[PDB]
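Below, in structure tokens: the form deposited in one PDB entry, a single chain.
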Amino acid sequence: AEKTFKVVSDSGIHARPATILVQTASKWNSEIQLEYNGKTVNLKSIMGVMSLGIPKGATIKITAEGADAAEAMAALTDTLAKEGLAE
């Protein structure tokens, strides 16, 4: 599964909302990645996610591989919306 998003948060993706996003990813059996500006990290790894330094107005790409990948992508979409991060 693959989807691109636009970041709409004034502060980009950092701190507590980034933490909640990682926690959403971690619920799923699938392996899940976040990619910004040509660098891909494990979305279950908060260190990697913070390392990307994702700013306001970025385009990001989430990918998920596994048998619950669709659930994962829906849940991540929902978290990105609930946290005011991306659409």
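Residues that one form lacks are left out of the comparison. Note that residue numbering begins at 1 and tracks the sequence as displayed. In this text, rigid core is short for the largest set of C-alphas that superpose within 1.5 Å between two forms.
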query	finding
Average Cα temperature factor in the PDB entry - higher stretch of 14-22, 61-69	14-22
49-57 set against 24-32, stretch whose average Cα temperature factor tops the other in the entry	49-57
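Just so it is clear, the following notes concern the form deposited in another entry, a form of the same protein that is not shown.
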{"property": "Distance direction in the other entry for the C-alpha atoms of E65 and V49, relative to the displayed form (3 angstroms or more)", "result": "farther"}
{"property": "After core alignment, residue runs (3 or more) whose Cα moves 2 Å or more between the shown form and the other one", "result": "53-87"}
